[PDB]
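All heavy atoms count here, side chains included; hydrogens, waters and symmetry mates do not. In the text below, chain A, chain B and the rest are named by the order of the sequence lines, each starting its count at 1.
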Amino acid sequence: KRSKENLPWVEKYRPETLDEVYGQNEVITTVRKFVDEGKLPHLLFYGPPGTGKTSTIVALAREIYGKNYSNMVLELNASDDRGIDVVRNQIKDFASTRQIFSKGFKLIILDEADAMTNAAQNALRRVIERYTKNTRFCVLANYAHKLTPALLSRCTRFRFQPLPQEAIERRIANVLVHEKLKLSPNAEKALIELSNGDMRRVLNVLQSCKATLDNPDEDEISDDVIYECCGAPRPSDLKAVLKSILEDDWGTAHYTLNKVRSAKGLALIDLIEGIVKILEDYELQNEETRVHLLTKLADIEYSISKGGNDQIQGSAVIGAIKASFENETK
Amino acid sequence: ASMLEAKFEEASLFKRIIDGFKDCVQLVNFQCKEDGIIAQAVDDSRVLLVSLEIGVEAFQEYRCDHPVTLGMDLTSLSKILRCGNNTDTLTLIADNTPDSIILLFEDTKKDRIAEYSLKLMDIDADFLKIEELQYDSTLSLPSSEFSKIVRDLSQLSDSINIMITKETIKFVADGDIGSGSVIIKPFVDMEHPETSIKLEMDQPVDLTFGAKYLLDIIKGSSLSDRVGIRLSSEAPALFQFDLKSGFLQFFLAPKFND
Amino acid sequence: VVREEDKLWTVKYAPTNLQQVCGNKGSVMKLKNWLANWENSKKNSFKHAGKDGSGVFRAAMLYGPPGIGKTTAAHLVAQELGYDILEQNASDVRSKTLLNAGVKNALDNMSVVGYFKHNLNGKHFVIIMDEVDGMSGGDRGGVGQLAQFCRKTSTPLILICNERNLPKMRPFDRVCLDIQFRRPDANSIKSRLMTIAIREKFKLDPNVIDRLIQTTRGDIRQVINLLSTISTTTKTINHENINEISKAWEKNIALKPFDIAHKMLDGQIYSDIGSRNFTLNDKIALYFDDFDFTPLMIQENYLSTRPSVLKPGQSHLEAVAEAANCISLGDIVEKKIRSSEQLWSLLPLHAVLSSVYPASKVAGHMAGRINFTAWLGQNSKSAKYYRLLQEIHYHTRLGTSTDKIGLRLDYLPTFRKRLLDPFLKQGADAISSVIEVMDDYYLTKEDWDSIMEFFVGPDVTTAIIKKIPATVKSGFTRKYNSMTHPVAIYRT
Amino acid sequence: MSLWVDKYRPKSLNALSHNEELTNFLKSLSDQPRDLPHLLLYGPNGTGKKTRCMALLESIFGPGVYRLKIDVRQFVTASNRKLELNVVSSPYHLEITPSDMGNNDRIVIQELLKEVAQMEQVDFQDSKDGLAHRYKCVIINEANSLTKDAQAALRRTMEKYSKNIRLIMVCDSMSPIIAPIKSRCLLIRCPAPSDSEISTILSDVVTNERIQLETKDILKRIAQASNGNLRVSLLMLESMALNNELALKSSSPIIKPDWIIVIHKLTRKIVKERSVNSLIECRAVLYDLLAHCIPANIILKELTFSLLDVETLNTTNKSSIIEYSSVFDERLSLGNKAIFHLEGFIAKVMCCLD
Amino acid sequence: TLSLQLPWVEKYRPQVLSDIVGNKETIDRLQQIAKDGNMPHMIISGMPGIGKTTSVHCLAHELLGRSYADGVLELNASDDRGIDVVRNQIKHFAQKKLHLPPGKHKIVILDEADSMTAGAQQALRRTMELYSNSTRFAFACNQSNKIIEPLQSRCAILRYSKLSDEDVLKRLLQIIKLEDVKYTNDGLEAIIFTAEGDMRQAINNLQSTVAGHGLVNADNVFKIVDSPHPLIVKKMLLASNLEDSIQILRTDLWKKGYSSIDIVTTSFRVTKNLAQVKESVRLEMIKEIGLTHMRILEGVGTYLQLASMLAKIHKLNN
DNA sequence: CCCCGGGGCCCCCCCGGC
DNA sequence: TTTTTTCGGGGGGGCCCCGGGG
Ligand SMILES: Nc1ncnc2c1ncn2[C@@H]1O[C@H](COP(=O)(O)OP(=O)(O)OP(O)(O)=S)[C@@H](O)[C@H]1O
Ligand SMILES: Nc1ncnc2c1ncn2[C@@H]1O[C@H](COP(=O)(O)OP(=O)(O)OP(O)(O)=S)[C@@H](O)[C@H]1O
Ligand SMILES: Nc1ncnc2c1ncn2[C@@H]1O[C@H](COP(=O)(O)OP(=O)(O)OP(O)(O)=S)[C@@H](O)[C@H]1O
Ligand SMILES: Nc1nc2c(ncn2[C@@H]2O[C@H](COP(=O)(O)OP(=O)(O)O)[C@@H](O)[C@H]2O)c(=O)[nH]1
Ligand SMILES: [Mg+2]
Ligand SMILES: [Mg+2]
Ligand SMILES: [Mg+2]
């Protein structure tokens, strides 16, 4: 904990103010409007991993209370005990008592509330209803099916979308400026493609790419560096494998798959996922082809998830694709 | 045993100080500097703030080269302090960039040495200035009477209401089985100036506090024979126990009146 | 002091005499006769059973559905005979310690209030432990203590419960005289309902009373409550509001395992109109009424129906096979649920796989009587035999080279020819040799007996062993007991 | 006296009489036992895997390995459930069967084995090389029955404390063993003895026990009926000798186990009658078999192979039967209630036959 | 800003039974009970946010007048309601001596009673029976099945139904007139459609829309309240071509940040409540959905699994 | 120096979906 | 017309033993 430069990039680049949260303009604008006019309701933030929920709520707490927000809000997460007794005693005491420092309202942040038991959620209902005049609740979740309907009825919901491309590009530009790094356009495209809308993945991969350069001061990060550090297949490899499967005999396809995998030690799961993404754009005459492709590839993925024999699984992928595409003729 | 060396001539004083607020907070940062030791902690419910100060007059010897922050779990510290006899001097020892604090109990008459080490913890707490406020009412009364009143009223209700009016202090509790009200008035006896009740009022006040927090606070009565209560509307209630050199303060937030 | 107009009708019209209680006349008479002859049985040490057979039980156990009048009947029978009542309920603490402290000291103690009030029986205690079904707990819950006291008590004891067919009530299997209270007939309650309607000044059609009684499922208290709530505003209970009143006050009652099995296996609900009326959600809720036994009942009773939902060209056997396949899938899902991951969110899916789908594939008309699941007893028997096999295997470990399964499948058939057959062939002269073998493998007489039960099919030893002359078995026992034997596991 | 299967069990590597190549490999392993890795012996049941393991232990340490005692160990679960474990111990090795604790087998791995693993040997057990033995051997019987969590717990225990203990596991099949465990063990195949070797062993037992034999063909028939299981062949020989007054004739029939006879009767009934009532009676028979400690997997295998030996069935019926047997054997592997899967298999077979 | 605006669900909480919309017969019965007296033991069950707690509190207030503080004991899930509490505190309150008007009784309001344990409910039986001359019990719950039958036998059952769109519109218009809220018909229609009969949700959504954008129109309402994903799932499952269903999955659910577990659970529920389709087809689809749900629970929460589930459902429906 | 009140573990018993 | 498996949470009974008072 010497300096901020000894931290992982995911934590080192955590937004400190609402102005640094990207890709959530609608939610940020709405919550800022609520806070400015003192019309903050009970909030629920539902979204996938690494979209800015915790960052946004902490930034909102800073906006409301200032630099000393930590002593003016009650933050509980999955790493803490949040049983029914905790709800009855600690949350109830915090919600029904005035602030020690200031004279403002009180904020309770139940991060990862989807991990809370049903009994505690039920106990929270009357606590929320009874102390609304002076207390507000913020719930954060990735899975809404774990939240009781009663709790959902009492909260205003905001959905955090997967981060758009433009927000990721702007944050990457900021990180490159801070770190004195060069990123090629194709490298940025590949990084955004592999991120799948998660900023944490982008930051971790960028840190690994920087660590992979011999001389980061002048060396530039190319798509080759990204693929090498992440150990992911290149688009050319996927295209070649798919072409061999769809246009060559069994021996040639098997040899091509083995050679492509052994060239860089690729994983079969990555090849399957990339081929599925490519095939999703194909215009197929017969629906049976798509049905068989999806079912067989899902079965192969599930089997791979439990281990098994890699060679048999690869041959199964080849055979499944060939058999499914055999239906396009008639 | 180079940077920080602070010797309590009596090892029981530090044990009493820790016991005064060990049931209120668990993780506490002790800041030691040339003019003594300070500490501030906030309860998990964030309703009570504990502030401890010990000056250099409270130590037989005290030496601190640079300010040092020691994060401790009060349960472990109390466990360690319970292993020392009442007739042994207690030395607190810490070095540069410390990961531990050494507590050394010495009995020169018996030539007995007992050294314990307690691992420090990383606490991200910044000392929050307790800005002084001009309180509407300020009173002082013996700690034993306040403890008795609080314990008696806690049997009836979980909330105790304190009303300060001209020449009168009233503690009221209302509960399922019944209600109770204790009324005291400022009284001075020159013969024994330790049972006196002193009050200075500027604006009458009425504030309700949780009974459990008052029960925790009254545990500091073992440190001082008197307790000072400062109350003011729209501000936390201050309960102060005075030590020989320093003090122990509790800031308790009142309950919302709604 | 309390105005009679501010009292609930259930209190105003409570039965003040034993002849005022409607229904279950036989059970009330049985209880009266048992309690009136308690002293006579005591003089005979509760040994000489009487004409009714209620002479060997020192405590009565009244049980039935809610709202029939068990508590009132027990209280009235207690007062009529002049006894003093010591009543306890779930509102009081009745754990092991509290039971041993308070009620244990009253089972053979005189009543001080009885002494001061004064019949020859007014100084004795009739303990009435109501709501025993609510005594949550196992050994420390006090249920075992009450069962023990039912075996030892100097004064009459009455226990009242609702669901006697409960595992927690097992300790009371045979300790008390059972007395059944059943849903009273409509005719018995009609007189009281008419009287109450007349006194309360509202219009009640005599015919509507039958429908009202059907709605409450023989719950007189609920009938009176419904009458009160309806008469609050609507004082004209005509035939134009029967349906609304019945549907507004239809108690939601969880069905019992036999009823669940009967309803789930009915073919009407799986028809188009039946499905429209009784939806899939209703079937899943029916499963959830008792999710621990419903799959077991379905598995037990899905091969004993005449289907009415067979597809054109499908035979009964094919539907049975499909149901069995889905039952296997449901079993796999159940294993997934009750694992370290605790995947209880799959409970609804289980409902479909274990009960609803197989039932829908063979739903029809029952070809017999719904039978209780036989898997539980079979599982207990298997556990017992596996424990016996483990004991035998670890007695013979030093001599054999195999696992317990190998011992069962290979060793035991050969052990029989050296342990049982020589007795059948040689007779008494086979004693010593057998013991010799028993000594080489650290076998005990109990091990011999246990081994002689594992065999099945053509090698069952029950009749064969039973046919051995008693002299040979006596000689075997005596010779075994008259010699020292080795020990394998000498725990210290 | 002791059964002939136990009385004549070899006690040394040089006393083995079948699978000479395996004997040579084991002798090579025991030549320099200081760096011996963890061993996993896999093979058909009743072949001599435990006998060979004990012989290898005797070669490494000495005859004292056969001085076996039985102790009892206590275990406590998270719910304060007291569990007893029977441990077979020797001055040089321990024997444990964690499957006896069922789902609690993990505890045995987490506490007992670990406790032995952490404890360094301080007994001066001078070896052939002149230096005292350094590690203590632990045998895990029925290792294929261990739960996946116990196998996972075994990994770092094997890796970290290899200097203090060495594991010998014995299994009928390696399919239930997780890949990390197989990676951590030296795998040793234990082939079943040939018919000639079984006949030689049986003839040796016959001449040692002075049993009248009309011809040597009876031993060959016994070996053939045993299907390569030496324990079964020896026990069958003893049973036949007892049943014929220690005088085996060429017409003496092969004695079959009671459960085998019941399964054959069930197969005949299934082939003859295919209806719901027949299914109910089959369920009754299956319950009877399961109640008396007949494993479900054994029942399924025996039923499948008995059905496949029926002469009236055609190729399509047999193919369907084997397919259903595979599917329902997987279901049994992934299930709890075995009767459910067995009934499903029987119903599917009944449907296919019609 | 340290100020807080009072939520309209609290500012406009009904204070008398006359201000409660919906369930006209039940509210009329409660009004008659309040006017006359002799309140019986009652259990009120219904779905969230329809006016059960409001009804109970209004009844107690109007029945007890100034004696509300002394004659009402309110316990909810946020309080301790164990066996000790039932055996001591509730019993003491029932035995308490309190002079009341000629036809009034003390009231114990056990809100969210469906969360109470079986032991406490069993203990309540004799307390209710013995002291019925001075105390009466009111239960409010979401699931009446959780209440043990012995308690149900002693109580009067008053079941509440979902509020119709007319009642919701009436209450919303009243609140709008009180608050001077600018609105359009489409905005109110969208609010009512998204509320789904939950008055609390409708009021909260209206207040949030007014705070965030001022004008309550369709655009702003949808900008605040998202389209219910169950309807999207229902559209996905009833699509004719597999391509359309896959497109819906990829665009309206997967790219909107909905987790695979949520999607599969919603699909299961929607298929269960799909009365338009034959029951056997629904059972087959439920089997496939359960397979996919188990796979997701094992950790394979990929879009390919959902696509395969959709393909299998399409095959079944063919 | 001895008895009583009340905090803290220890042990066991039952649920788990909409 | 009768009666089973596992974590985790919650509840509830039972001591145990420190502290404080007399
Ligand atoms: N909108 C964002 N803008 C900038 N960085 C972001 C953003 N979202 C996530 N990150 C980055 O990823 C890190 C984690 O962000 P979080 O706010 O913790 O996401 P999250 O949605 O709360 O994750 P979960 O729900 O606990 S898995 C931040 O410190 C940032 O560095
Ligand atoms: N047989 C009955 N005859 C007349 N009234 C009855 C009868 N049974 C019940 N009631 C009425 O309902 C009220 C309660 O009767 P109870 O004696 O408590 O029945 P119960 O079977 O003991 O109920 P449980 O098992 O404790 S829920 C009586 O005061 C009567 O008003
Ligand atoms: N019938 C109604 N009439 C007017 N307002 C209502 C009505 N129902 C709900 N509300 C409003 O929504 C708010 C909450 O109503 P509640 O009475 O708490 O619903 P509820 O049935 O108790 O919900 P649950 O079951 O506790 S989650 C009230 O303060 C009212 O402002
Ligand atoms: N004569 C002889 N008998 C053997 C040999 N190997 C095994 N056996 C016999 O076969 C019996 C069963 O062998 P066992 O070790 O239990 O096989 P496992 O079940 O695979 O471990 C033993 O009791 C031995 O008597 C061998 O090499 N020579
Ligand atoms: Mg987060
Ligand atoms: Mg009763
Ligand atoms: Mg409510």
Side-chain angles (χ1 to χ4, degrees), chain A residues 81-86 88 115-120 123 145 148-149, chain B residues 19 23 82 151 215, chain C residues 93-98 135-143 163-170 173 256-259 261-262 281-282 284-285 287-293 295-297 300-301 331 334-352 369-380 382-383, chain D residues 76-81 102-104 106 147 149 336-337, chain E residues 47 80-85 87 114-120 142-143 145-146 265 268-269 272-273:
Chain A
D81 207 76
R82 297 181 302 184
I84 191 166
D85 217 64
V86 169
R88 286 200 289 254
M116 279 180 77
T117 67
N118 287 298
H145 83 96
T148 59
Chain B
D19 269 24
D23 284 48
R82 186 161 334 100
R151 284 185 271 110
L215 280 164
Chain C
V93 202
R94 298 186 288 184
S95 60
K96 190 119 208 203
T97 325
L98 282 295
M135 281 174 102
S136 65
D139 62 357
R140 92 199 209 195
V143 50
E163 303 183 5
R164 174 134 167 82
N165 294 9
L166 193 77
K168 301 193 177 178
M169 304 293 127
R170 284 178 135 167
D173 279 339
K256 295 274 133 64
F258 286 82
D259 314 313
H262 182 259
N281 304 74
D282 299 340
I284 297 177
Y287 162 88
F288 274 112
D289 276 21
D290 189 354
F291 76 79
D292 268 273
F293 280 87
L296 290 174
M297 304 292 302
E300 172 76 34
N301 294 281
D331 169 62
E334 199 251 29
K335 171 129 165 300
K336 273 188 161 186
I337 293 167
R338 311 198 103 95
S339 81
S340 310
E341 268 284 347
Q342 310 292 342
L343 301 169
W344 293 94
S345 64
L346 296 161
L347 255 184
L349 170 63
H350 189 239
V352 172
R369 214 105 191 141
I370 300 271
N371 306 315
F372 184 67
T373 182
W375 182 92
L376 290 167
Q378 290 289 337
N379 181 62
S380 297
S382 303
Chain D
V76 287
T77 74
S79 62
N80 193 356
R81 189 190 173 187
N103 282 282
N104 283 309
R106 200 182 50 266
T147 63
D149 282 338
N336 262 329
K337 315 276 184 69
Chain E
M47 273 297 100
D80 195 77
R81 306 181 299 176
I83 184 64
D84 278 344
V85 172
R87 279 210 272 257
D114 48 348
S115 315
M116 281 186 81
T117 58
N142 286 118
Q143 255 87 54
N145 38 295
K146 295 272 244 301
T265 283
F268 182 96
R269 270 185 299 111
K272 170 177 67 180
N273 315 331

*asked:* Using the rule given for side chain to side chain contact (heavy atoms under 4.5 Å, CB included), can you reason through C:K168 versus C:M135, listing the C-alpha separation, both sets of side-chain angles and the distance that settles it, and then say yes or no?
replied: CA-CA 9 Å; C:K168 301 193 177 178; C:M135 281 174 102; over 6 Å; no
*Take D:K337 and C:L296, measure what side chain to side chain contact (heavy atoms under 4.5 Å, CB included) needs, and give me the verdict at the end.*
CA-CA 11 Å; D:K337 315 276 184 69; C:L296 290 174; 3.7 Å; yes
*asked:* Go through it in stages, so that I can follow the logic: the residues are C:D139 and C:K96, the test is side chain to side chain contact (heavy atoms under 4.5 Å, CB included), and I'd like the CA-CA distance, side-chain angles, deciding distance and then a yes or no.
replied: CA-CA 8 Å; C:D139 62 357; C:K96 190 119 208 203; 5.6 Å; no
*Could you go step by step and tell me if C:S95 and C:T97 meet the side-chain hydrogen bond (donor to acceptor under 3.5 Å, both in side chains) rule?*
CA-CA 6 Å; C:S95 60; C:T97 325; 4.6 Å; no
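C:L98 comes within contact range of the sugar-phosphate backbone alone, with a heavy-atom separation under 4.0 Å but no base atom that close. Counting non-hydrogen atoms under 4.0 angstrom, C:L296 reaches a base of the nucleic acid. Residue contacts for A:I84: at a heavy-atom cut-off of 4.0 Å it reaches the sugar-phosphate backbone alone, with no base atom in range. Within 4.0 Å (heavy atoms only), C:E334 reaches at least one base atom of the nucleic acid. As judged by a 4.0 angstrom heavy-atom cut-off over every strand, D:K337 is placed among the base-contacting residues. Within the nucleic acid shown, A:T117 comes within 4.0 Å of sugar-phosphate atoms alone, with no base atom in reach, counting heavy atoms only. C:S380 comes within 4.0 angstrom of sugar-phosphate atoms only, judged by non-hydrogen atoms across all strands, and of no base.
Between C:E163 atom CD and G:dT2 atom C1' there is a gap of 13 Å when expressed in whole angstrom units. One can place CG of A:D81 at 7 Å from P of G:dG9, the figure rounded to the nearest angstrom. Atom CD of C:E341 is separated from atom P of G:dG8 by 10 Å (rounded to the nearest Å). Rounded to an integer number of Å, the gap from C:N301 CG to G:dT1 P is 12 Å. Atom pair A:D85:CG and G:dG11:P shows a separation of 7 Å (rounding to whole Å applied). Protein atom CG of C:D173 is 11 Å distant from nucleotide atom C1' of G:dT2, rounded to whole Å. Taking atom CG on C:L376 and atom P on G:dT1, their separation rounds to 17 Å, with Å as the unit. Protein atom CD1 of C:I337 is 15 Å distant from nucleotide atom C1' of G:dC7, rounded to whole Å.
Taking the nucleotide of DNA chain G with the nearest heavy atom to each of A:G83 and C:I370, the more 5' of the two is matched to C:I370. A residue-by-residue look at A:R88 and D:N336 shows that D:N336 has its nearest nucleotide of DNA chain G further toward the 5' end.
Rounded to the nearest Å, the gap between the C1' atom of F:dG6 and that of G:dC16 is 12 Å. Taking atom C1' on both F:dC11 and G:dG13, the two are 9 Å apart, rounded to the nearest angstrom. To the nearest whole angstrom, the two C1' atoms, one in G:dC7 and one in F:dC14, are 14 Å apart. With both ends at atom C1', the span from F:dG17 to G:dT3 equals 24 Å, rounded to whole Å. Using P as the reference atom, G:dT4 and F:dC18 are 28 Å apart when rounded to the nearest Å. A gap of 9 Å separates the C1' atoms of G:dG12 and F:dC13, to the nearest Å.
An anti base is found at G:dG21: its glycosidic angle is more than 90° from 0.
A distance-only check finds a donor-acceptor pair linking the side chain of C:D331 to the backbone of D:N336 [under 3.5 Å]. Using modelled atom types, one side-chain atom of C:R164 and one backbone atom of C:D173 make a donor-acceptor pair closer than 3.5 Å.
Contact detail for C:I337 and C:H350: the closest heavy-atom pair is CD1-CB, 3.9 Å.
Between the side-chain ring of C:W375 and the base of G:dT4, no stacking contact exists by the 5.5 Å and 30° definition.
The line from CZ of D:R81 to CG of D:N104 is 6.0 Å long, rounded to the nearest 0.5 Å. Rounded to the nearest 0.5 Å, atoms CZ (C:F288) and CG (C:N281) are 11.0 Å apart.
When the rule of centres under 5.5 Å and planes under 30° is applied to the neighbouring bases of G:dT4 and G:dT5, their six-membered rings qualify as stacked.
C:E163 CD: 12 or fewer foreign heavy atoms inside a 6.0 Å radius. Remark: C:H262 NE2 is loosely packed, at most 12 non-hydrogen atoms of other residues, nucleotides or ligands lying under 6.0 Å away.
Using the sign of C1'-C2'-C3'-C4' as the criterion, F:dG7 falls on the north side of the pucker cycle.
When the side-chain nitrogen and oxygen atoms of C:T97 are compared with OP1 and OP2 of G:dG14, one or more of them lie within a distance under 4.0 Å. Put simply, C:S95 has a side-chain N or O that comes within less than 4.0 Å of OP1 or OP2 on G:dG14.
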Return all side-chain donor-acceptor pairs below 3.5 angstrom for residues 369-379 of chain C, not counting sequence neighbours, or 'none' if the list is empty.
unit_1: C:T373; atom_1: OG1; unit_2: C:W375; atom_2: N; d: 3.4

*Footprint string (nucleotides 11-18 of chain F, 5' to 3'): B base within contact, S backbone only, - free, heavy atoms under 4.0 Å*: BBSS-BBS
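Consecutive Watson-Crick or G-U pairing (both distances under 3.5 Å) extending over three or more pairs maps onto DNA chain G as F:1-6 with G:17-22, F:12-15 with G:8-11.
The base of G:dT6 is not paired with the side chain of D:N103 by any donor and acceptor separated by under 3.5 Å.
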